[PDB]
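Have a look at the structure below before the remarks.
Just so it is clear: chains get the letters A, B, ... in the order the sequence lines come, proteins before strands, and each one is counted from 1. As a basis for the values below, the full set of heavy atoms in this structure was taken, side chains included, without hydrogen atoms, waters or symmetry mates.
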Amino acid sequence: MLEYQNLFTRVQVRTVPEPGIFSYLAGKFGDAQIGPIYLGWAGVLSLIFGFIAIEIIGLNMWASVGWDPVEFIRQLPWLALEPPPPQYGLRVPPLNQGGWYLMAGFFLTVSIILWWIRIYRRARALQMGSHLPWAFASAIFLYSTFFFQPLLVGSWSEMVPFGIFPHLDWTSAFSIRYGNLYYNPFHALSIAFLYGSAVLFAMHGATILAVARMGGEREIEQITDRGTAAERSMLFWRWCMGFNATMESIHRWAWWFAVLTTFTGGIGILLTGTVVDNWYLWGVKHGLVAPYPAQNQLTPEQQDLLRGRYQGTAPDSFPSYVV
Amino acid sequence: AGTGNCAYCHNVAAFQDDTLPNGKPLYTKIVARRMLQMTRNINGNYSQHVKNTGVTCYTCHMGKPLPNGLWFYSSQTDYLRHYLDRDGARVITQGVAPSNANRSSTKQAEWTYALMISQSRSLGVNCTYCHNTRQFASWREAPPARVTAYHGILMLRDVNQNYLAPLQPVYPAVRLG
Amino acid sequence: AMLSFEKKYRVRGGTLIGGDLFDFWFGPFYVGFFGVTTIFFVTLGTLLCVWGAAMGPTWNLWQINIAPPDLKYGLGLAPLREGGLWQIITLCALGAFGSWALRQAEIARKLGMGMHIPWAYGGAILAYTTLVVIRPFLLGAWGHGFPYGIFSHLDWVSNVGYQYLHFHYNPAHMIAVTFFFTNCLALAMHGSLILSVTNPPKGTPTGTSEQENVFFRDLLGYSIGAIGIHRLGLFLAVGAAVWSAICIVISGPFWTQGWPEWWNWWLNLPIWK
Amino acid sequence: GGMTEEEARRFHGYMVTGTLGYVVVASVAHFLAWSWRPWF
Amino acid sequence: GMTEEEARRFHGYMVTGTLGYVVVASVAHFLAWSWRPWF
Amino acid sequence: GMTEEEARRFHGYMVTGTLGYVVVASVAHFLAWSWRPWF
Amino acid sequence: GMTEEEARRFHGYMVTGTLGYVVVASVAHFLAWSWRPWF
Amino acid sequence: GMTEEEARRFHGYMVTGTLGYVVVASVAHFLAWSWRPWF
Amino acid sequence: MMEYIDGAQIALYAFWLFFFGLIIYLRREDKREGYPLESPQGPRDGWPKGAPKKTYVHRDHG
Amino acid sequence: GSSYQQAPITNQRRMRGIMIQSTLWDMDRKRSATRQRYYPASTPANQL
Amino acid sequence: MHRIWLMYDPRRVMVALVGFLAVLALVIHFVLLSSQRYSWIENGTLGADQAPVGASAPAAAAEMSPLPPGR
Amino acid sequence: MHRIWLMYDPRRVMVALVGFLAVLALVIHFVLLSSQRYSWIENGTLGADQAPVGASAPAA
Amino acid sequence: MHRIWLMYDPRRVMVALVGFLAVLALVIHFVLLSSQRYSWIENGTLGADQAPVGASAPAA
Amino acid sequence: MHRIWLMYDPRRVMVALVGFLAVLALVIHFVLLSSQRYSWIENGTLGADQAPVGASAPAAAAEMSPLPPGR
Amino acid sequence: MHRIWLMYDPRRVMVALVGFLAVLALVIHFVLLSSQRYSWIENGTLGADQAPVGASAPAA
Ligand SMILES: CCCCCCCCCCCCCC(=O)OC[C@H](COP(=O)(O)OCC(O)COP(=O)(O)OC[C@@H](COC(=O)CCCCCCCCCCCCC)OC(=O)CCCCCCCCCCCCC)OC(=O)CCCCCCCCCCCCC
Ligand code: BCL
Ligand code: BCL
Ligand SMILES: CC[C@H]1c2cc3[nH]c4c(c3C)C(=O)[C@H](C(=O)OC)c4c3nc(cc4[nH]c(cc(n2)[C@@H]1C)c(C(C)=O)c4C)[C@@H](C)[C@@H]3CCC(=O)OC/C=C(\C)CCC[C@H](C)CCC[C@H](C)CCCC(C)C
Ligand SMILES: CC[C@H]1c2cc3[nH]c4c(c3C)C(=O)[C@H](C(=O)OC)c4c3nc(cc4[nH]c(cc(n2)[C@@H]1C)c(C(C)=O)c4C)[C@@H](C)[C@@H]3CCC(=O)OC/C=C(\C)CCC[C@H](C)CCC[C@H](C)CCCC(C)C
Ligand SMILES: *[C@H]1O[C@H](CO)[C@@H](O[C@@H]2O[C@@H](C)[C@H](O)[C@@H](O)[C@H]2O)[C@H](O)[C@@H]1O[C@H]1O[C@H](C(=O)O)[C@@H](O[C@H]2O[C@H](CO)[C@@H](O)[C@H](O)[C@H]2NC(C)=O)[C@H](OC(C)=O)[C@H]1OC(C)=O
Ligand SMILES: *[C@H]1O[C@H](CO)[C@@H](O[C@@H]2O[C@@H](C)[C@H](O)[C@@H](O)[C@H]2O)[C@H](O)[C@@H]1O[C@H]1O[C@H](C(=O)O)[C@@H](O[C@H]2O[C@H](CO)[C@@H](O)[C@H](O)[C@H]2NC(C)=O)[C@H](OC(C)=O)[C@H]1OC(C)=O
Ligand SMILES: COC(C)(C)C/C=C/C(C)=C/C=C/C(C=O)=C/C=C/C(C)=C/C=C/C=C(C)/C=C/C=C(\C)CC/C=C(C)/C=C/C=C(\C)C(=O)O
Ligand SMILES: COC(C)(C)C/C=C/C(C)=C/C=C/C(C=O)=C/C=C/C(C)=C/C=C/C=C(C)/C=C/C=C(\C)CC/C=C(C)/C=C/C=C(\C)C(=O)O
Ligand SMILES: COC(C)(C)C/C=C/C(C)=C/C=C/C(C)=C/C=C/C(C)=C/C=C\C=C(C)\C=C\C=C(C)\C=C\C=C(C)\C=C\CC(C)(C)OC
Ligand SMILES: CCCCCCCCCCCCO[C@@H]1O[C@H](CO)[C@@H](O[C@H]2O[C@H](CO)[C@@H](O)[C@H](O)[C@H]2O)[C@H](O)[C@H]1O
Ligand SMILES: [Fe+3]
């Protein structure tokens with residue numbers, strides 16, 4: 001699309017030899033190799049473990065449509081590799097009843113951890129702060145609660161199924177089971193930071209593009225040697241809303257809002273079914289729930305008649321009614 | 001059976017007979033006799049569901065021998081068995097803290113959710129017809145239709161267990177699952 | 001009070017309306033004509049929210065609930081005690097949000113900046129206007145708007161979702177969620193990269209655009225560049241709100257069944273029907 | 001980068017015989033299909 | 001890229017390899033048809 | 001790249017390793033067949 | 001990179017380690033088969 | 001990096017630590033076996 | 001045996017105390033440029049007081 | 001249930017996903033896809 | 001007609017032609033494979049009279065009154 | 001016809017061929033395996049007269 | 001035919017081969033292990049006379 | 001045969017090999033641990049005649065139940 | 001054998017090894033603690049003759 005700076009409209013340029021003293025260097029910033037996409041030992045291992053995880057998921061999905069490759073594509077978003085049955089709790093389940101699930105979950109988790117090691121080592125080698133590995137750690141924290149919350153309630157059956165629509169079925173059913181997740185205050189906070197991340201990157205993206213013709217996009221120079229582009233960015237927000245960040249500190253606001261999305265998220269999941277089993281009733285207790293006029297009223301006879309039963313096991317027989 | 005089609009049920013020379021001249025039973029007449037008892041049982045005992053609208057043969061059959069929505073045994077976890085031999089769909093805890101009273105799985109909430117989509121489609125309504133979805137367990141916040149819906153479950157269990165399912169030996173095999 | 005470099009920038013000019021009359025500051029804030037109209041709408045709309053709380057059942061902040069009218073009033077103004085007050089507050093909110101964007105355009109003009117910030121904020125205004133004007137208009141009643149209350153609007157979101165049985169299956173909603181999630185990832189990466197070159201381990205020289213370029217290429221396998229990452233953030237953040245506005249405006253006015261059965265077209269493609 | 005008219009003449013001869021051979025195989029296939037299970 | 005001499009030599013292998021593959025597949029179809037005909 | 005006699009040397013190993021692999025797989029298949037035929 | 005003599009030295013260890021590992025696995029399969037045969 | 005004599009010096013500790021670890025593990029296993037044998 | 005106090009409420013105020021501490025920290029970082037403010041009747045620091053202006057050590061190349 | 005009896009294999013679903021009956025099979029009635037929903041009949045070779 | 005290869009680069013056209021034919025051929029086979037009459041993997045050994053035929057028009061008074069299947 | 005290899009890089013097209021043939025063969029084997037008649041892993045030991053056949057048109 | 005190793009770098013071909021053979025071997029074993037007839041971990045000690053076959057029992 | 005180490009950097013080969021062997025060994029142990037016949041942690045003390053055979057049925061257990069009692 | 005430490009920096013191998021062993025030990029302890037037979041925190045004082053055993057085969 002068209003753009004409000006000339007910079008790459010036309011007369012883009014080719015470094016025919018490498019940049020770093022299009023093309024790329026083959027050399028080192030200190031001891032860090034600069035040419036290929038970095039892996040190291042942890043990157044290589046992460047790809048092997050993660051490949052087998054994805055391969056187990058795909059093969060179980062494909063087996064579930066009876067190996068039919070037409071149905072494998074046609075039905076793909078409905079397919080899943082599913083957690084164990086509830087009766088097993090934390091015991092090892094049968095291979096076709098969640099044993100492959102826990103195996104793929106294990107290999108995926110190791111693959112994620114090894115990818116964090118990779119990023120951590122690469123940040124050190126490039127002589128950079130560890131901000132990015134700890135940002136990624138906050139995402140891993142939320143992910144890990146999909147293991148620890150099932151552990152704390154005592155059943156692998158509560159884990160998230162691997163599958164496009166099936167994991168969204170789980171997301172809805174989790175909120176249904178625990179009495180409406182909107183009344184989980186850490187879910188509410190996690191949304192506040194999720195929305196705030198879109199607010200900040202909209203504001204910051206627009207701000208830097210609004211001064212890009214004055215070099216505002218060269219943020220490292222503007223941080224170390226403040227130009228008029230940084231000054232105008234500070235003054236716009238000060239005049240708009242009464243206060244402002246700096247060119248450096250807006251990236252701290254950005255960092256924390258993103259990080260706090262998954263951090264508060266993880267706490268809300270860990271609290272669910274361990275401390276609070278019905279968040280709406282917790283909302284009533286602590287005064288979150290707005291009153292509405294009653295839509296129906298039960299007699300005492302209906303209060304006993306309309307009590308249900310908690311859901312049990314499926315029938316394992318096909319009864320004849322011959323009589 | 002279509003108007004004037006007494007031959008669908010009867011040996012039309014001998015309306016009192018429950019068999020053909022060959023001695024083979026007029027299965028359609030034997031079924032229809034049970035369908036009368038079933039219709040009286042619906043209109044009489046399940047007024048909390050059908051009220052003064054009631055049902056007649058036309059409600060299911062609509063001019064045809066086969067009603068819609070016929071179902072048969074398949075999987076154990078088939079949710080339609082809520083209308084036959086199963087009982088209990090509740091999964092929500094009636095208290096703040098976890099307890100031993102409710103140990104329902106998130107898979108059991110998925111099963112209730114599947115069942116409730118079927119009911120919504122069966123009536124062409126959405127969940128808010130019977131619930132305030134801020135708390136699915138609540139009856140006070142739900143419309144009164146939720147109470148009628150519950151009696152519909154109890155009615156179907158009686159209809160299926162006592163009338164439809166025991167007709168198994170009467171039907172020809174082409175009608176069976 | 002002023003930043004130690006600020007006074008130099010406080011010139012006249014750049015106003016869209018009103019000339020020099022409102023072209024002045026109040027503390028840190030620039031005023032301008034749309035500053036005046038902002039404070040008018042903010043004050044009126046806020047005081048009517050306080051009145052809505054006063055005539056409601058409680059002062060508890062979480063529980064206050066200023067509901068829209070019944071659907072039977074259609075596109076008319078209800079009695080104020082029956083949702084009409086929600087309608088007046090909605091007109092105040094539209095006036096405030098519009099004034100705020102136009103005031104930002106005056107500020108950007110006065111500093112010689114591009115208009116990017118007003119237009120980005122336009123994406124939020126679009127989503128709001130879709131929720132309370134456009135979708136309720138296409139449905140034929142203002143009562144389809146969401147109530148103004150911190151938790152009572154979450155009850156509205158819940159019930160609107162389940163009006164379509166399984167709102168996760170809404171295709172535009174899946175796109176909007178993907179933008180919101182990818183935006184949060186991109187914000188974490190960009191924030192971390194800038195901070196990690198400007199704040200290296202103790203006793204290490206300050207980093208460079210080359211180091212962040214190299215690290216970003218190791219993360220995504222390509223080099224976005226400094227202008228590109230800000231373009232991408234703006235695209236993701238604003239695109240999220242635009243796809244949000246789409247996903248709600250199609251729900252009801254255009255699609256009325258459950259969202260899962262929308263996917264029937266995919267199952268029926270002739271290559272595999 | 002180009003194509004001479006003389007080179008095009010040579011290429012076009014192959015292009016025609018390839019197309020014709022393909023059309024012939026497709027024609028035999030359809031008649032096998034038709035005699036197995038006619039669609040009209 | 002290739003000289004016409006390379007193209008001439010490559011074509012000889014490429015054609016022979018293609019026809020060898022088709023021959024092997026022909027026996028595979030002969031064996032499959034003998035075991036369970038599809039018409 | 002590599003020299004043509006160096007490619008000759010490499011090809012001998014590829015052919016040998018392939019033949020070794022095919023031999024092992026042939027014995028594996030025949031064991032499997034004797035254990036539980038699939039036709 | 002690596003020299004031919006260095007590659008030859010490495011290959012001796014690499015072959016010997018591979019074959020030693022396969023022997024240990026052969027014994028573990030002997031023990032497993034004796035405890036609970038799978039055919 | 002290390003010299004080859006430094007690598008030989010390090011290796012003697014590495015072998016010793018590995019042996020010490022295996023010894024402690026073997027005692028731990030024989031205790032576990034005596035408390036509750038798995039075969 | 002506390003009826004009203006529960007673990008989720010305890011956690012939430014733990015977060016609030018952290019969060020307001022974070023906002024104080026972020027506003028100190030926001031003030032490393034352009035502060036102290038200028039006004040009549042002299043300089044102004046706002047609240048919280050800003051952290052000092054920050055010098056950055058360049059890489060040598062000689 | 002006090003104990004579990006296995007269904008015949010032709011009554012066992014290949015797809016373990018819990019909502020699939022409502023979210024897919026309620027609208028999908030392709031014949032080949034319907035057949036794939038259950039495991040096929042399986043018998044010891046003795047009994048053929 | 002060979003002048004057409006002066007106007008369009010045969011490197012582009014041969015690739016485009018092969019891609020077009022490959023996709024078309026695949027589409028037609030999968031359409032047929034998903035039909036009932038030409039599901040040839042399952043039913044290819046049926047004779048032409050035995051093969052499925054899609055439903056006709058009612059081809060009658062379109063009003064008829066039924067009789068039960070024999071018990 | 002060998003001049004076709006002057007138009008197209010033989011290295012690029014030969015890789016494109018092998019990639020195409022591999023995927024095509026895999027699709028065909030899995031189409032067969034998931035059919036009733038050619039589910040040969042489960043039913044390969046059946047004789048040809050015993051193997052499944054899809055439904056005919058309904059008899060008169 | 002050793003001149004194909006002039007045409008393609010054996011470093012790339014031999015990696016692509018090993019990758020293809022590893023993935024293919026995993027797929028075939030997973031298919032067999034998911035079958036009834038070759039569920040060999042659970043049933044490998046059954047004789048061929050009583051291993052499962054994908055056919056219905058006789059007499060309807 | 002040793003010239004394969006001129007062709008590939010052994011520092012990279014050994015990492016990939018160890019990763020491959022680790023993943024393969026872990027897969028096989030978890031496969032066996034999930035089987036009936038070889039669930040050795042629960043049933044390893046059974047004699048070879050007493051160990052399961054058959055039990056290839058896909059649903060050996062009930063899919064749907066409450067969680068075990070939670071004290 | 002020692003020349004492996006010229007090929008791989010022992011600073012790194014030792015750290016990788018210690019982490020590998022820690023994760024492996026955690027996995028095995030967790031697998032046992034989750035088991036019925038070896039849930040030693042609850043059942044550790046049971047005698048070997050009293051500890052759970054997985055079901056013997058009816059082979060049905
Ligand atoms: C939930 C997750 C997401 C939630 C997301 C939440 C994000 C929150 C972002 C907003 C926070 C920053 C706001 C800010 O710094 O504004 C500048 C202003 C003044 O300081 P200054 O700018 O450095 O100096 C200028 C001033 O000294 C001289 O200026 P001048 O003479 O020209 O003008 C007059 C003065 C008069 O002061 C005021 O009028 C402001 C009084 C009200 C400030 C309330 C701030 C919000 C507190 C929120 C925390 C909590 C309060 C309970 O200065 C001004 O005119 C400045 C006008 C600034 C207007 C800012 C309005 C922001 C409203 C934010 C509403 C947020 C709603 C969520 O600062 C302050 O007054 C102090 C604020 C310090 C941060 C709050 C920390 C609270 C920690 C906990 C309690 C601490 C007790 C000691
Ligand atoms: C009916 C549905 C329920 C509901 C149920 C849930 C549930 C259940 C959860 C959330 C959660 C979240 N919900 Mg909610 N949610 C609802 C309504 C909403 C609404 C709304 C407008 O109505 C919004 C905006 C949100 C918003 C949010 C987010 C704030 C939060 C997720 C944070 C995040 O970044 O996650 C996205 C980020 C991640 C998942 C992190 C992933 C990181 C890992 C490391 C990535 C690994 C990738 C790997 C390498 C490769 C994978 C390969 C494949 C396996 C093949 N919800 C209603 C009430 N919501 C979560 C939460 O935190 O709750 C407190 C959560 O668990
Ligand atoms: C480079 C040499 C030529 C060649 C030269 C010959 C000669 C010469 C003869 C044949 C003959 C035959 N070839 Mg030729 N043939 C070639 C390529 C092929 C290809 C192919 C896929 O490219 C195929 C399917 C065939 C197939 C055939 C058969 C129809 C026939 C004998 C059986 C046979 O297959 O033996 C197995 C052979 C192959 C699979 C091909 C590869 C082996 C060599 C190149 C050919 C067999 C040589 C034969 C033993 C010579 C005997 C001569 C005596 C005087 C009798 N050839 C190559 C390109 N072929 C014979 C014939 O016409 O019989 C009626 C014959 O005399
Ligand atoms: C702060 C919270 C947000 C966040 C942050 C975040 N995520 C991150 C990071 C950060 C800061 C990273 O640095 C990290 C990253 O790498 O980013 C590019 C990551 C990441 N976030 C990811 C995803 C992700 N993040 C999400 C969300 C979020 N991330 C939050 C919104 C989501 C959502 C919303 O669901 C997802 C899906 C990944 C893209 C990435 C971590 C990648 C990773 O761990 O990969 C592990 C490896 C595999 C799964 C294996 C892949 C296998 C190949 C496909 C096989 C190819 C063959 C192979 C070569 C064979 C082997 C041969 C060997 C010899 C090599
Ligand atoms: C592009 C899409 C994203 C976006 C971007 C964005 N938002 C922006 C901007 C940008 C680029 C600004 O420049 C602008 C700004 O100045 O930020 C500091 C703004 C802004 N985004 C804001 C909020 C906000 N943005 C949100 C979302 C989004 N913002 C999107 C995700 C949300 C969500 C999802 O909930 C919120 C709450 C403000 C902080 C600010 C706009 C300030 C403004 O308009 O001020 C004038 C008006 C008032 C101060 C008060 C008006 C009071 C009313 C008259 C009465 C109340 C009516 C109201 C409807 C009641 C609702 C009650 C609730 C409980 C429902
Ligand atoms: C087949 O058996 C299963 C397992 O019992 C039945 O499912 C039960 O009921 C469901 C509500 C629930 O979902 C499920 O968890 C399970 O509890 C299924 O409905 C079929 O039921 C018939 O067979 C039952 C059986 O188990 O054999 C039988 O039960 C009664 O008889 C047996 C044998 O004497 C005895 O063990 C049971 O305790 C006994 N139970 C009761 C409640 O009487 C059913 O008979 C009756 C009257 O329930 C059968 O039901 C019918 C209508 O035939
Ligand atoms: C069908 O069969 C039932 C058999 O019960 C007949 O019912 C009889 O007549 C009813 C009026 C009465 O209520 C009932 O108790 C019973 O007495 C019914 O009428 C139909 O009858 C025809 O088929 C009969 C059948 O069973 O095959 C046949 O009955 C006669 O022949 C059988 C042997 O084939 C013998 O067992 C019966 O006892 C015998 N009955 C008599 C009364 O002769 C009927 O034939 C005759 C003559 O009645 C059939 O009726 C006709 C008109 O074809
Ligand atoms: C469920 O069932 C479904 C899936 C449905 C059914 C369908 C299945 C399908 C479609 C299958 C298709 C299979 C297939 C297709 O082609 C299979 C193809 C198989 C092939 C080709 C195997 C080839 C193996 C070759 C090997 C192992 C070679 C080893 C070489 C070695 C060891 C030597 C290395 C070099 C050395 C040592 C020294 C060099 C010298 C140097 C460097 C010097 O000197 O410098
Ligand atoms: C799903 O299945 C499930 C259920 C999980 C089951 C299956 C499990 C499986 C598959 C397990 C596999 C296990 C395994 C595979 O190999 C396990 C392999 C284990 C190994 C190799 C352990 C090795 C340990 C070695 C140690 C501890 C060494 C310590 C050394 C020390 C202390 C000395 C350091 C040097 C010093 C101090 C000198 C400095 C001098 C210097 C510098 C100088 O002098 O210069
Ligand atoms: C031939 O190759 C093929 C064609 C098969 C390759 C193709 C594959 C395809 C098409 C794959 C498709 C994959 C898709 C679509 C995947 C979708 C995945 C989604 C959407 C997943 C969403 C959420 C999943 C979550 C949150 C899972 C979390 C699991 C966790 C945290 C599990 C942890 C397990 C641990 C830590 C340990 C387990 C082991 C035990 C319990 C024993 O502890 C030691
Ligand atoms: C070597 C570790 C193997 C672990 C597996 C179990 C032990 C099996 C082998 C034990 C015997 C020693 O094994 C043998 O060691 C010698 C050196 O000592 C290696 O010898 C290798 O390096 C030496 C120089 O150091 C060269 O001269 C020789 O040509 C080369 O093969 C052999 O490659 C290996 O076969
Ligand atoms: Fe930036």
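Checking side-chain atoms of J:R16 against main-chain N and O of A:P83 turns up a donor-acceptor pair under 3.5 Å.
Proximity to chain A among residues 26-36 of chain J is limited to J:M27, J:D28, J:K30, J:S32, J:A33, J:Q36, judged by heavy-atom separations below 4.5 angstrom.
By number of non-hydrogen pairs under 4.5 angstrom with chain J, the leading residue of A:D169, A:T313, A:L79 is A:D169. Across J:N11, J:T23, J:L24, the residue that shares the most heavy-atom pairs under 4.5 angstrom with chain A is J:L24.
Both the backbone and the side chain of A:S64 have a heavy atom closer than 4.5 Å to some heavy atom of chain J. Contact annotation for A:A173: neither backbone nor side-chain heavy atoms come within less than 4.5 Å of a heavy atom of chain J. Within the 4.5 angstrom heavy-atom criterion, only side-chain atoms of A:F318, from C-beta onward, approach chain J. For a residue to count as touching a neighbouring chain, one of its non-hydrogen atoms must lie under 4.5 Å from one of that chain's; by this rule A:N60 does not touch chain J. For chain J, the nearby part of A:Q75 is the side chain; its heavy atoms alone come within less than 4.5 Å.
Under a cut-off of 6.0 angstrom, the local environment of CD in A:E301 is sparse, with at most 12 non-hydrogen atoms contributed by other residues, nucleotides or ligands. More than 12 heavy atoms of other shown residues, nucleotides or ligands fall within 6.0 angstrom of atom CZ in A:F72.
Rounding to the nearest 0.5 Å gives a distance of 13.5 Å between CH2 of A:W78 and CE of J:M19.
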